[PDB]
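So basically every Cβ, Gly included, is an ideal-geometry build from the backbone, and we count neighbours across all protein chains shown. Coordinate-derived values only; no laboratory data.
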Ligand SMILES: CCCCCCCCCCCCCCCCCC(=O)OC[C@H](COP(=O)([O-])OCC(O)COP(=O)([O-])OC[C@@H](COC(=O)CCCCCCCCCCCCCCCCC)OC(=O)CCCCCCCCCCCCCCCCC)OC(=O)CCCCCCCCCCCCCCCCC
Ligand SMILES: CCCCCCCCCCCCCCCCCC(=O)OC[C@H](COP(=O)([O-])OCC[N+](C)(C)C)OC(=O)CCCCCCCCCCCCCCCCC
Ligand SMILES: CCCCCCCCCCCCCCCCCC(=O)OC[C@H](COP(=O)([O-])OCC[N+](C)(C)C)OC(=O)CCCCCCCCCCCCCCCCC
Ligand SMILES: CCCCCCCCCCCCCCCCC[C@@H](O)O[C@H](CO[C@H](O)CCCCCCCCCCCCCCC)COP(=O)(O)OCC[N+](C)(C)C
Ligand SMILES: CCCCCCCC/C=C/CCCCCCCC(=O)OC[C@H](COP(=O)(O)OCCN)OC(=O)CCCCCCC/C=C/CCCCCCCC
Ligand SMILES: *P(=O)(O)OCC(C)(C)[C@H](O)C(=O)NCCC(=O)NCCSC(=O)CCCCCCCCCCCCC
């Protein structure tokens, strides 16, 4: 024999958790993919001496491509 | 975990204990015989019977409720009601 | 005979050892009946409101409301400045302040004296 | 639903006030006993036994 | 717990409760069964010795002396059944007890997951709603004008009626809900 | 490695003893190391080689900003707000640089202690002395300036220290 | 909670100041509107201004 | 700063021209957009502050507070839309307008570059708050609470105005950069003592200091949910920000005038934690917890070391977020049962599981559980106080023990136990409430991940 | 009684008319769209984008620059026997003490 288990409504909590996970992963996954692609293909800059007579920009003074952007 | 109790099992166990009691003749013992009126016991004997049932079933019957259990059928009904036994 | 049990504030007297439980006057029985009647009336009201099928909400407890009001809002209007209240307030609201001020002032005076005398181990004490 | 006369009040001074306070707290007159009037702000709240 | 208390305990009730408590603590002291049986028979012999007493004042004095002796000689760590108030398994399942009013707030999908149970639940709710007026009328008919002097409740005096104030007693959560 | 300066971050030459087994039993550590090389090291090496090959196609550079020296609070006139601002900014940058110097020395000390291990008390005396000197100088320079520290306050503290030193020297020579 | 927070910290700043303001307000506004009274007050004020202030 | 100020002044016409059923949606969406825009101020410099113009500037201390305000506005909107369903459209728009005005004044306060403008704006923050409290509070005590709050703050602040105008007359400028670069030592005299008293007492009343705090329980308990959220998260931080800004010119007199305030703050922190141990009201418990945390911040500011300022800033941000979350949880439970008694509703762990999880996380962050920014700030303050003296460790340890005790006492009383039998109107938690709790808690953990963003200029 | 006052209305439940209600509004469509805009904008936009923006904020605090400058100064000073940390922030030649 199986007896009915009286429990409070968990549908609303499950729905909230599902919606929150979806909306975090709605932009989270594309951001992670973009970050991975940028790191793999457009790597970080290599430190080098400033060529004489050349005035770089601040984004050329920063290293990571996303920080430079 | 443990097998569920049944009305028949509760009745059999309480009758078992009462027949192992030495102040009750098992032949003139039935599920409707009263401890005082038609069995000839007294208050101390009833207290001992309630303690024996507590030992048998592993749970305590409060003193306010134990004083009113004057019949094996009453004990069966009380134990089944407390343990949620319906079949 | 057996050693007596001395009740305390945080270990009260058991009911079975209370001498008042073995000296029962007929007035005491009437008082007990009145107390039971009061409890029964309150229980009946609560059970009616609790088993009402159409009720949807919280059963208000006037006793709880009185307790929360007396603990919070009814303290000041019943406060009178007496010698006991004045002494207790002065002590508990001033004494700790001056005690800690004295302690910290003495500690810092000793520290400054050591610093000026230049015999305090301040090496590696970079973060402050 | 609580009325204004069913709230804790000042220290009861007369047997009429003590009877009214005892009735208010759903307590017997003989069992009702307020905290002493030390000016500590207890009011007519009963001093129930210090048990847990 | 199922019986409404009286205004006081009679002398017989006091002495019976003392007898049971003393036997329990003696069993705590006498761990072994034969030793417990021996000393419990001696205890019942003492109670039988004092069983017949014409002087109720002397009986009360003997009860007081026995209570003092018990308090001196009680086991500091007596045996308590696991489900009993002092037991190790007391109130373990109180967090698993969920009520039917919580049940009726479910989503329609959750309700549809169990079609047959909720039909019987609706039958129970109809039974509850069709009897409340009779229950309250019966309660107010039998009570004295002054008010209830005890917590006892009456049965159903009629064939088509239910005992008043029954819903939560009948629908209380099971002892092992989950 | 060429990522960091070996002179800025010193490291003694490692001396790994040659294995000299004395039993015919196999070496489980050797077998597990071989398995680790065959299952983890080679795949991660291939992945990193591909990643570096991708990096080399789009190589670009970033530079280290250079700041020229400006007159400090000693040269600044009284209530000359522009020079005071320039000197304060330069002092703050130098303060940050000194903090990083202390951090470098502390990292060297920690690494040497961990490396020497059981004989760190004797073998790390050289790094403890450098840290002692650096910490003493840093504390003397920026010990108790306060939450609202400034180049003026540090200059006043240095003036007080110099006056105390001059008084002590004059008393000694007297 | 009771003695300090709810009684004495209330008595020192907010209650004593409010009581003083209430008492002074009652004292100032407790005037019967008698021109004889406040014109005699005017005379006293005029004499005080003439003598005290130099 | 106009790229953040003007969008709020455009939020006002949006609120007053939106349709009756779209006011909350529009306000929430555009408040979130303004918060995203204001996230740009976190890119601070390592040498000097961000001087946008002659009127507004941003610093490593001003940026996190501005971001907190801009992030807190939509949460207040959600709670208000929860508890203001039956109000008329005009009154809903008025409430949203009050919230918008409060946010605008707070932004201009944190970005003001001059002391007198800062004073004007941080005094202007009283009017919307007073209107909100005394108009949309539920109980009869909202009027008395508003009176207490207003008069405490103003009695503190008027001598501050006199001191500011006197400082302007004496020195020539109240610009913060000028008073920092041209600061001169404050000689030990009665006049300087009373100037110090005026400034510090104004900000201590705003903090609030122990012995000057009654208005805080009065206002926080009796204000609506949005008012309670803004009172604890941001309005309490005006005192700390002002004290950090004003103590530039008060040295070296602060080394000697800080003893009474330090003793008051420490002992009152202990006393308010003990009060939290024996509170019969949940909102009062949270208010006194706020008092204890701000007393700790006062201690840090008064001891005035670079390690204390960082801890003070971190504790301010963490306490703001935690207090907002706790007030929201208490408001949800109040909306369930229409009463603030803590022991009235129990068993909420078995009645509402995810809300119990939110309660647990909020209580864990309330006590200093590492590596949370609450713990980071508290530990920095404790270490700075230990450097100051070696019995401050005794006081801080007692405070931490009582803090854990009362936090877990609140959690156990509200959640654990068995549910009240007669309370049968506790509906399942709403998606809006759960989203509000998530938006309260996730930024706290992200700031734990990146701690240097809230450690102030001294980092 | 002393007034013509409305009785206190019973509390209204949003789940009664709309079983799948997010608690934002009475109208189901407006409620759903309020939930959608709140979740999308707040969580996705603010949380994810602002958090990654803060993570990838450029090093304007000059932590890396300060580390590189310290490395260069340590290299230069230790390569020439000079102390790693100077004993004076300013020049005593440029400081004129009173007599
Ligand atoms: C569900 C709800 C959840 C809610 C959560 C709460 C709320 C969240 C709100 C939103 C939060 C937003 C956060 C924004 C973050 C922004 C991104 C960021 O900052 O990234 C940081 C950082 C990014 O670095 P970067 O500065 O951009 O560039 C790095 C380099 O310069 C350049 O690197 P590179 O050039 O070397 O190339 C690296 C490249 C490539 O690297 C590799 O390829 C490496 C691996 C190679 C393996 C190859 C193996 C071989 C395979 C083939 C084998 C074939 C042969 C087989 C042979 C078999 C044998 C024969 O990889 C990457 O670039 C990694 C990108 C990682 C992106 C992370 C995004 C996080 C989420 C953002 C959105 C938030 C929502 C959630 C979304 C979730 C999405 C899933 O990434 C990481 O840190 C990644 C993790 C690090 C390693 C793992 C952790 C190790 C920890 C060890 C110590 C602890 C141990 C003890 C544990 C505790 C005690 C028990
Ligand atoms: C499998 C997929 C990948 C297939 C790859 C196939 C092989 C490719 C081999 C070649 C790869 C490289 C080719 C191009 C080389 C030059 C790259 C380049 O331009 O580098 C520029 C720079 C390099 O740095 P730089 O300092 O040289 O800058 C030069 C800039 N240019 C050339 C453009 C003038 O790299 C970046 O800027 C990194 C990429 C951008 C990072 C930021 C992205 C933000 C995206 C939007 C965020 C969200 C907005 C919306 C929010 C709301 C949403 C609802
Ligand atoms: C080199 C390229 C790198 C990458 C570049 C990427 C650029 C992207 C450019 C396009 C962006 C705009 C279009 C997409 C907008 C998002 C829609 C979406 O995902 O919906 C799915 C989700 C889920 O959709 P759903 O759940 O309704 O539908 C599921 C499917 N059916 C129909 C079967 C149920 O939409 C929502 O949840 C709707 C919420 C409200 C959305 C309101 C959008 C308003 C307009 C956009 C404003 C953006 C402002 C951002 C902040 C400012 C800038 C930082
Ligand atoms: C259901 C199960 C739950 C658990 C499992 C969830 C899924 C797995 C998640 C596991 C995460 C464990 C922690 C590991 C985190 C890895 C990423 C982290 O390490 O990155 C941090 C990234 O830190 C971010 O900065 C934190 C974002 C902080 C966002 C603050 C709030 C955002 C705005 C919200 C508004 C509210 C304002 C509140 C007041 C300000 C470190 O910073 P950093 O090393 O340097 O980044 C390197 C990139 N660089 C080199 C270019 C710099
Ligand atoms: C500081 C700012 C920085 C720059 C910001 C740039 C982004 C600008 C942000 C624009 C705000 C986005 C819109 C806000 C949400 C609108 C809410 C909404 O859609 O209303 C609900 C809406 C209408 O109201 P009802 O629910 O029907 O009520 C009926 C009552 N009887 O519901 C519906 O039925 C509509 C269903 C289909 C519409 C789908 C819309 C999807 C959203 C995308 C549209 C926007 C276009 C994209 C433009 C991008 C511009 C960069
Ligand atoms: P039933 O209704 O027949 O019960 C008969 C009763 C007992 C009710 C009688 O009708 C009755 O009332 N008789 C007169 C009252 C009386 O019996 N008084 C004396 C009884 S108490 C007594 O004698 C106890 C003495 C011995 C037991 C003392 C317990 C102390 C030992 C405990 C030690 C703790 C660990 C072992």
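One decimal place: the segment residue F:99-residue F:111 gains 2.5 nm when fully extended, by the rule 0.36 nm per residue minus the C-alpha distance. If you plug the beta carbon distance of residue H:190 and residue G:24 into 1/(1 + (r/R0)^6) with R0 = 45 Å, you get a FRET efficiency near 0.95. Which whole-angstrom value gives the distance between the alpha carbon centres of the stretch H:91-157 and the stretch A:13-69? Spelled out, the Cα-based centre of one part sits 41 Å from the other. Projection of the Cα convex hull of the stretch H:49-207, averaged over all directions and equal to a quarter of that hull's surface, yields 11.2 nm².
Could you compute Rg(Cα) / (2.2 N^0.38 Å) for the stretch E:76-154, with N its residue count?
Here the Cα radius of gyration is 1.77 times the empirical estimate.
For a distance above 20 Å, tell me the whole-number percent of Cα pairs in the stretch F:41-174 that qualify. Percentage above 20 Å: 69.
Note on residue F:32 and residue F:5: the extension gain reaches 6.3 nm, defined as 0.36 nm multiplied by sequence separation minus the Cα-Cα distance.
At 222 nm, what value in deg cm²/dmol follows for chain H if DSSP H runs of at least 4 each add -39500 (n - 2.57) and the sum is divided by all its residues, to the nearest 500? Rounded to the nearest 500, the figure is -23500 deg cm²/dmol. Placing a label point 7 Å from the Cα of residue B:42 along the Cα-to-Cβ direction, the residues of the stretch E:45-79 whose backbone N falls under 13 Å from that point are E:45-54. Legend: calculated FRET efficiency, residue C:67 to residue H:155, from the Cβ-Cβ distance at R0 = 45 Å, rounded to 0.05, equals 0.85. Over the stretch C:3-126, what portion of Cα pair distances is larger than 25 Å, expressed as a whole percent? It works out to 72 percent of all Cα pairs.
By the Kirkwood approach, averaging reciprocal distances over each pair of separate Cα atoms, chain D gets a hydrodynamic radius of 11.5 Å. Ordered by the count of other Cβ atoms within 10 Å of each Cβ, fewest first, I:85, H:355 give I:85, H:355. Computed from Cα atoms, the angle from the helix C:26-51 axis to the main principal axis of chain C rounds to 80 degrees.
In terms of Cα atoms, the Rg and Dmax of the stretch H:309-394 work out to 16.4, 48 Å.
The Cα center of the stretch F:95-135 and the Cα center of the stretch E:65-79 differ in position by 69 Å. Once you place label points 7 Å from the Cα toward the Cβ at residue I:18 and residue E:35, how far apart are they in nm? In this crude spin-label approximation the distance works out to 7.2 nm. Between helix H:126-136 and chain H there is an angle of about 20 degrees, using the helix long axis and the longest principal axis of the Cα atoms.
Each semi-axis of the equivalent ellipsoid for the stretch F:33-107 is √(5λ) with λ an eigenvalue of the Cα gyration tensor; in descending order they amount to 51, 19, 7 Å.
Only Cα sites of the stretch F:124-172 enter the Debye sum here, all with the same form factor; the resulting log10 I(q)/I(0) across q = 0.23, 0.32 1/Å is -0.85, -1.07, listed in q order. Both radii come from the Cα set of the stretch H:1-126: Rg as radius of gyration, Rh as Kirkwood radius; their ratio Rg/Rh reads 1.01. Restricted to Cα atoms, the stretch H:166-270 shows a radius of gyration and a Dmax of 15.9, 46 angstrom.
Seen from all sides and averaged, what is the projected area of the convex hull of the Cα atoms in chain H, in nm²?
Taking the Cα atoms of chain H, their convex hull projects to 20.4 nm² on average.
Taking the inverse of the mean reciprocal distance over all distinct Cα pairs, the Kirkwood hydrodynamic radius of chain A comes to 17.0 Å.
Its convex hull of Cα atoms gives chain E a direction-averaged projected area, equal to a quarter of the hull surface, of 17.3 nm².
Between residue A:57 and residue D:50, the simple spin-label model (points 7 angstrom out along Cα→Cβ) gives 7.8 nm. Can you tell me the orientation of helix F:125-142 relative to chain F, as the angle in degrees between its alpha-carbon axis and the longest Cα principal axis, to the nearest 10? Helix F:125-142 and the main axis of chain F meet at about 30 degrees. Between the alpha-carbon centres of the stretch I:1-78 and the stretch H:300-315 there is a gap of 28 Å. Arranged from fewest to most other beta-carbon atoms within 10 Å of their beta carbon, H:392, H:70, G:17 become G:17, H:392, H:70. Between residue I:55 and residue C:76, the modelled labels are 5.2 nm apart [label points 7 Å from Cα along Cα→Cβ]. Calculate the tail of P(r) for the protein assembly as shown: the fraction of all Cα-Cα distances greater than 55 Å, expressed in %. Of all Cα-Cα distances in the protein assembly as shown, 40 percent exceed 55 Å. A Förster radius of 60 Å, combined with the Cβ-Cβ distance separating residue E:53 from residue E:119, puts the computed FRET efficiency at roughly 0.45. Inter-chain Cβ neighbour count for C:14-22, averaged per residue, equals 4 (cutoff 10 Å, partner chain atoms only).
From least to most packed, judged by other beta carbons within 10 angstrom and beginning with the fewest, F:14, F:166, E:21 follow the order F:14, F:166, E:21. Measuring nothing but alpha carbons in chain B and taking Rh as the Kirkwood radius, the Rg to Rh ratio lands at 0.94.
For the stretch H:320-459, list log₁₀ I(q)/I(0) at each q in 0.14 Å⁻¹, using the Debye formula over Cα point scatterers of equal strength and ignoring solvent, two decimals each. Debye curve over Cα of the stretch H:320-459, log10 I(q)/I(0) at q = 0.14 Å⁻¹: -0.73. Relative protection proxy for H:183-194, E:131-142, from highest mean packing down: E:131-142, H:183-194 (other beta-carbon atoms within 10 angstrom).
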